[PDB]
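Report on the structure given below.
Side chains included, hydrogens not; waters and symmetry mates left out as well; all remaining heavy atoms used. Along the sequence shown, residues are numbered consecutively beginning with 1.
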Amino acid sequence: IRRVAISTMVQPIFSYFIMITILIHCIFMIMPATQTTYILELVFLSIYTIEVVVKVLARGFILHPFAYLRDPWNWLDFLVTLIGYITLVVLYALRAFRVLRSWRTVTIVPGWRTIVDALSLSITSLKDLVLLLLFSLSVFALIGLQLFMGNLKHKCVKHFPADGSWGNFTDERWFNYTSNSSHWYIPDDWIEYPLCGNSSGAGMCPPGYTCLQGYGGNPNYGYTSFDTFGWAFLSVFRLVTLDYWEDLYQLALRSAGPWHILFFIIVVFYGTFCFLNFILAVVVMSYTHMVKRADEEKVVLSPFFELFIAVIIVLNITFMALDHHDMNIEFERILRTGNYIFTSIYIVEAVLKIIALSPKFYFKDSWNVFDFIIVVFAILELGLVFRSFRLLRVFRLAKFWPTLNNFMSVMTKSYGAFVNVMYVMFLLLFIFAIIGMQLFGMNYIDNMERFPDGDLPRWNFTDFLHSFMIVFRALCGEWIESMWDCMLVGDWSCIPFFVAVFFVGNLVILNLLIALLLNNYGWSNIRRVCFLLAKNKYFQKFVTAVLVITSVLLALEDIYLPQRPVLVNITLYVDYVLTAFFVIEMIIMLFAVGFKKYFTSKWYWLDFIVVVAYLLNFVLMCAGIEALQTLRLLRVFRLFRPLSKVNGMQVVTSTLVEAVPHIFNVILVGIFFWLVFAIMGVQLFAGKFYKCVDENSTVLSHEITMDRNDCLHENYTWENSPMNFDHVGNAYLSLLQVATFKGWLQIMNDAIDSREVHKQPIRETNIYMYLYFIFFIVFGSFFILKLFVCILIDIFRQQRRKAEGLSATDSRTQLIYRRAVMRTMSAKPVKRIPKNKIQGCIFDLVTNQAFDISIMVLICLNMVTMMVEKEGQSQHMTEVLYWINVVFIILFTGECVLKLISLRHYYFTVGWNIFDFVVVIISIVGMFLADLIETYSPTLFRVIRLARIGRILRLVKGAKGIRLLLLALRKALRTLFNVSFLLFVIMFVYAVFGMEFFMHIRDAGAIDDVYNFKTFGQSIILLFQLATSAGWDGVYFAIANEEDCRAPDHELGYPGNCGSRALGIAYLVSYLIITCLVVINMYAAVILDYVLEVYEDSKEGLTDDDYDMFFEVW
Ligand SMILES: CC(C)CCC[C@@H](C)[C@H]1CC[C@H]2[C@@H]3CC=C4C[C@@H](OC(=O)CCC(=O)O)CC[C@]4(C)[C@H]3CC[C@]12C
Ligand SMILES: C[C@@H](c1cc(Cl)cc(Cl)c1)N1CCC(COc2cc(F)c(C(=O)NS(C)(=O)=O)cc2C2CC2)CC1
Ligand SMILES: *[C@@H]1O[C@H](CO)[C@@H](O)[C@H](O)[C@H]1NC(C)=O
C-alpha cells in the first residue's frame, strides 16, 4: 500500500497525466455546457479524487510534518475537489472556482519558480502599503464628501409658467411643476442631464431655466456621486487610478466651479504620482531580490553587395508602405512591377550566395535561412492569401541597423522570463474570464431591459470571448464602466470582482513586466564694464524679473482682449520696450563674452532667435504689416534658463538632457514596429469603415441597405469613420489612439464589424479581429511604451549619485556603510525632568503608553463620526453629530492641557506637539464660530470647515511602516516639487500657444462652452487633464476639424472657426510625448530611487530609528 502509493506518486507519468487532464478540462470549460460536458465533469472529478487518495496514502493527511495538507498546492487541490463534490451532490456561484485548479499549469514553463516567488513576495510586501492606502483614500473621500456633497444632482429646471397653464401659483404647485422630469433641460439625443451651478465659471442655464438641486438622480445610474462616504470612496479610488477620470473631473468643475481643480491636483499628485510608484518600487525590489538569489544559486561576398541589398530592402519597405485605398491604375502598376523586380533580385541573391558560399555554409547561417524562407514565401505568393508574409522582408532591416540589432539581441538573451510573465498574465486572465462568465453571464440576458435601449452592450459576459475581452480591458486599466453595467444588471458582487482584476493585473503583473524590462534594459574699457555688469547678481535678477512679468502679461491675451483698449495699449507698448531691451541686452552680452563664446552656446542661440524675431516684427509693424503672433510668443522660451538655475533643479534637468538620446532611439524602434503593424492594418481594414447613415448620424440595418448602391438609391449618406486605416498615416494615428487606450473602443468596433469593401458593416461579424489589437497592445503598449520609464529610472539614479558627490565606482554595500558613518557623527540626547507631587503624578500618567493608545482609539472614533455624514440627512442627525464632535474636542483639549502641565516648557520641543496644539486651537475656534460663519457662501463654509479634518491626521503618528514610507516621501519632496515646477512651465508655454491657435474653433467633441482654449484658466484646465492623455482623442477631434466651418474674413474682422489637422496633430502629439511619456515618468524615477534607499537602510544597514533606540537607553 504505502510502497505502491509512494512509488506511484514519484513517477513523472502520474504528474504528466494529471496536468494533461487539467489542460483538457480547461478546453472543455470554454465551450458551452452540454450533456457530454457533464459526463466529462464526472470523469475529471474521478481522476482528481484518485490523485488526492494516492497522495494521502503516501504522505498522510495533516498529522505529520510532511503530511498531505502541509503544502499550499495540496490545499488548493483539496478545496477544489471538495467544492466539486458539493456542487455535484448538492449554489451556482461556488462551482466557478473549479477553474482555480488551472493555476498548477504555471509549473510547465521552465524557470517558473522565479516569477511565482516574485509574485508571492510582492504580495506579502504590500502589507505596509495597504494600510497607508486605505488611510489616504479615506481622508480624500472625506474631503470630497465635504466639498461636492449633492453637487452632481444639479439640473436646469424650467421656470413656473406665468400664463396660468399649470394654475395659479402655490407652493405645492411649484413643487409639482419642478419635480416633473419633463421640465428639466436635456438636449435631444442626450442620455444625461447637463450639470450647472451659479458660481462664477460654472455651467450656465438656458434662458427660462434656473439651476436647482435635489432633483432626480446622480450620473451613471446613480453610481457616481459624493453623497455618501462609500460612493465618495469609490470616486476617489477611480480618480487615483485615472480610470475615465476626466468625466468626473468635468462634472465636478461644471457643477462647483473651476477653482475646485485644486482638489483634483492634490489627489492626482499624491495618489497617482507618489503612491502607485510606491507599489511599483515594492514590486521592483521583490523581483530584483528573487533574480539575485537565482543567479547566486546558479562580388556577392563583398560589402558593396550587402549595401546594394540594404538599399533594395529600404526601397521595398517604402513600396509596401505606399499601398492605400482606391489606388489609381498607374499606382497599382508601379507597385506590382516593383514587387516583381524586388522578388527577382532576392532570388538572384539567394542563388549567388549558394554558389559562392557552400550550401552547408549557407544554411549554417541563421540570417541566410531567414532570407531563404522569404524567397520561398515570395515565390509561393507570386505563383498564387500569402501577401501578409511579405512583412517578413522588413525585419531584414535589423541586420544592417545596429540599434534594432542590439534591441533584438537583448530581447533574445532573456526570453524565458518574458515567456513566464506573459503566460502568468494570460492564465490569470483566463481564470478571471471563466469566473466572471459563471457569475454574471445570465444577468445580462435576463435583465436586458435595464440597458438604455434594451439591447445587449458590446462588452458583456455572455460567452468566453467577451468575458476574456472585458477582463483584458480591465487589465489595460479600464474597469469602472464595465462595473457600472455589471451592477446595473447584477448586485454588489461586481465590485470585488473588477477591483480584484484591476489590482492583480495592472498593479502587480504589469509592474512586474516593467521590473523585467528594467533589469534587462539597463574698447578694452567697454568690454570690462560690460563684463562686470553681466557677472553682477543685481543685473541678472533685473533681467529675470523683466522676463517673468512680461511672460505673465502674455497670459492676459484672451478672447476678451479686444474689449479692453487699455490692455491693448499696454501690450503694444510693452512689445516696443521689450524689443529695445532685447537689442540692448544682446549688445551687452556680445561685448562681455565676445562673438565666439556667444555664438557657440545654445542658451545664447535661443536668446538670439528671440531677438531676431522681435526685430522682424518691428520692421513688419513699421511697414504697416500686422505683427505675427507666433513670433512674439517666442519670448516665453526665455523662461527656461532661470528655471534651470532654481535650487535643486540641476538633477532634474541633467537627467532629462542625458536621457534625450536614448529617448530618440526608443522612438525610432517604436516607429519601425508601428510601421509593421500599420502595413498589416492597412491590408486588413483599408476602405472597410464606410457605412450608411441617414439625416441623423445613425447607422442603418444591413437589411434595409445591403451595400453602397442601396444606400445611394434611398438618398442616404455613405460616410467614412474619422479614424481609419485608409493609408499608413491614418493607420499610425489610429494605432496611437489604440496604444494610449483613448478612443480605441470606436476603432475596435469598426474593425470587428468590417466586411468586404462596399458592404454595410454588421455587428460583430468579424469578432476574431480582436486578436490583431491584443497582439499590438502587448508589443506596442506593454513593451515599447514602458522603455521610457526604465531609461529615466537608470539615468536619474546615476545623476543623483553625481549630485551628492558619490563615486560611480563604489558598490551598494559601501554606500550603505558610508551613509551609516555619516549618520553616526550627528546625534545628541536629552532628558525631561519629572515634576510638585500632583504635577509629577500627571507627568507619569501622561508619559504612559496606555494614554497614547487611548488617544488613538479616540481619534478612530472621531473619524467614524465624520464618516457618518450623508447628503439629505435630517436636522436632528446634524445636531447629534455636532454634539458628538464637541465632546471629542473637549477630550482632545483636556489631553493637551494635561500634557502642557506635565511637560511645562518642554512640550514644544517636539513637532507633533505643535501640530496637535494648532489643531486644538483651530477646533475650539471653529466650534465657537460655526453658526456665525454659516448664517452670515455655502462654498466658503465647506472649504473653511475642511480644517476639521486636521484632528484625524494625527492617526499616522505612532506607526512604523507608514513612518518609513513617509520618510522616503519627505526625503524626495524637493525634487518632486522641482519636477512639478518644470511641468507647470511646460503647461504655461503650451497654454499661451494653444490660446493663439485654437481660441475660435466651433464647439465639437470635448470642446464646449465650459471647456475650451478661450482663456488662460480654461486652457490650463484642459492641459492639466491632457497631461495624463485623458480624453486627448476628443480634443483632437475638436481642434483638427476642417469641415463645415467658415473661413476667416480679414476685411470684416471675423476670426474664423475652422481647425487645422496638421497643427492639431503636431500640438497634441508633441504634448503627449513631452508630458505623458517623459516628464510624468520622472516621478516614478524619483520615487523609486528614494524608496529603495530607505528600504536598503532598514534591511541591510542602519536607520535613524536604530540610532534613536541606541540613545534611548543612553
Ligand atoms: C508650482 C506648482 C507646484 C503649482 C502651480 C500653481 C497652480 C496650482 C496654479 C497656477 C495657475 C493657476 C490657475 C490660474 C487661472 C485659473 C482660473 C480660475 O477661474 C477663473 O477664471 C474664475 C473666474 C470664472 O471662472 O468666471 C480658476 C483657477 C485657475 C484655473 C488657477 C488654478 C491654479 C493654478 C493652476
Ligand atoms: C482664523 C479663524 C477665523 C476666520 C474667519 Cl473668516 C473669521 C474669524 Cl472671526 C476667525 N478660523 C480658523 C479656522 C476655523 C476652521 O473651522 C472649523 C473648525 C472645526 F474644528 C469645526 C468643527 O470641528 N465642527 S464640528 C464641531 O466637528 O461640527 C468647524 C469649522 C468651521 C467653521 C465652521 C474657522 C475660524
Ligand atoms: C409631467 O408633465 C407632463 C405634461 O404636463 C404630464 O403628461 C406628466 O404626467 C407629468 N409627469 C407626472 C409624473 O405626472
Set of disulfide bond (SG atoms under 2.5 Å apart) partners for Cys494, sequence neighbours left out: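 For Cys494 the disulfide bond (SG atoms under 2.5 Å apart) partners, ignoring immediate neighbours, are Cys486.
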
Not counting sequence neighbours, which residues clear disulfide bond (SG atoms under 2.5 Å apart) with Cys211? List them please. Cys196

Salt bridge check: are [X] and [Y] linked by an N-O gap of less than 4.0 Å?
{"X": "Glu1043", "Y": "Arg1061", "answer": "no"}
{"X": "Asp1009", "Y": "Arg254", "answer": "yes"}
{"X": "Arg458", "Y": "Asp753", "answer": "yes"}
{"X": "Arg945", "Y": "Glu869", "answer": "yes"}

Search all heavy atoms of [X] against all heavy atoms of [Y] and return the closest pair with its distance.
{"X": "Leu633", "Y": "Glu996", "result": "CD1-CB, 3.7 Å"}
{"X": "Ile1021", "Y": "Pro258", "result": "CD1-CB, 3.8 Å"}
{"X": "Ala1027", "Y": "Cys1076", "result": "O-SG, 3.3 Å"}
{"X": "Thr178", "Y": "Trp184", "result": "O-NE1, 2.9 Å"}

Can a side-chain donor-acceptor contact be found between [Y] and [X] if the only test is distance below 3.5 angstrom?
{"X": "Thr1028", "Y": "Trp245", "value": "yes"}
{"X": "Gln746", "Y": "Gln737", "value": "no"}
{"X": "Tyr221", "Y": "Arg450", "value": "no"}
{"X": "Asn696", "Y": "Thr698", "value": "no"}
{"X": "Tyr215", "Y": "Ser179", "value": "no"}
{"X": "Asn218", "Y": "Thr224", "value": "no"}
{"X": "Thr1015", "Y": "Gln1018", "value": "yes"}
{"X": "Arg564", "Y": "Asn569", "value": "no"}
{"X": "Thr705", "Y": "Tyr716", "value": "no"}
{"X": "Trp479", "Y": "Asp243", "value": "yes"}

Main-chain N/O of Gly150 paired with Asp227 side-chain donor or acceptor, under 3.5 Å: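 Yes, the answer is positive, given that a donor and an acceptor are paired below the 3.5 Å cut-off.
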
Donor-acceptor contact present, side-chain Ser1019 to main-chain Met995, <3.5 Å: no

Would you give the length of the straight line joining atom CG of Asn220 to atom CG of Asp247, rounded to the nearest 0.5 angstrom? 6.0 Å

Atom CZ of residue position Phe1037 - does it have more than 12 heavy atoms of other residues, nucleotides or ligands inside 6.0 Å?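 No, not enclosed.
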
Looking at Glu719, I'd like to know if its CD atom is crowded, meaning that more than 12 non-hydrogen atoms belonging to other residues, nucleotides or ligands lie closer than 6.0 Å.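 For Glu719, atom CD is not crowded (no more than 12 foreign heavy atoms under 6.0 Å).
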
What about [X] and [Y], are their ring centers closer than 6.0 Å?
{"X": "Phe263", "Y": "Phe148", "answer": "yes"}
{"X": "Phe998", "Y": "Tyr1067", "answer": "yes"}
{"X": "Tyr177", "Y": "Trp174", "answer": "no"}
{"X": "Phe440", "Y": "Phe497", "answer": "yes"}
{"X": "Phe988", "Y": "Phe1016", "answer": "yes"}

Hey, could you give me each pair passing side chain to side chain donor-acceptor pair (under 3.5 Å) that has a residue in residues 152-170? Not counting sequence neighbours.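 For residues 152-170: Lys158-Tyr209.
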
Is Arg1046 positioned over the aromatic face of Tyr1054, cation under 6.0 angstrom from the ring centre and no more than 45 degrees off axis?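 So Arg1046 does make the cation-pi contact.
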
Test side-chain contact (heavy atoms from CB on, under 4.5 Å) applied to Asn862 and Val887, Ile889, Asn885, the passing residue: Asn885

Can you confirm whether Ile1001 sits close enough to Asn1057 that some side-chain heavy atom of one is under 4.5 Å from a side-chain heavy atom of the other?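 No, too far: nothing below the 4.5 Å cut-off.
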
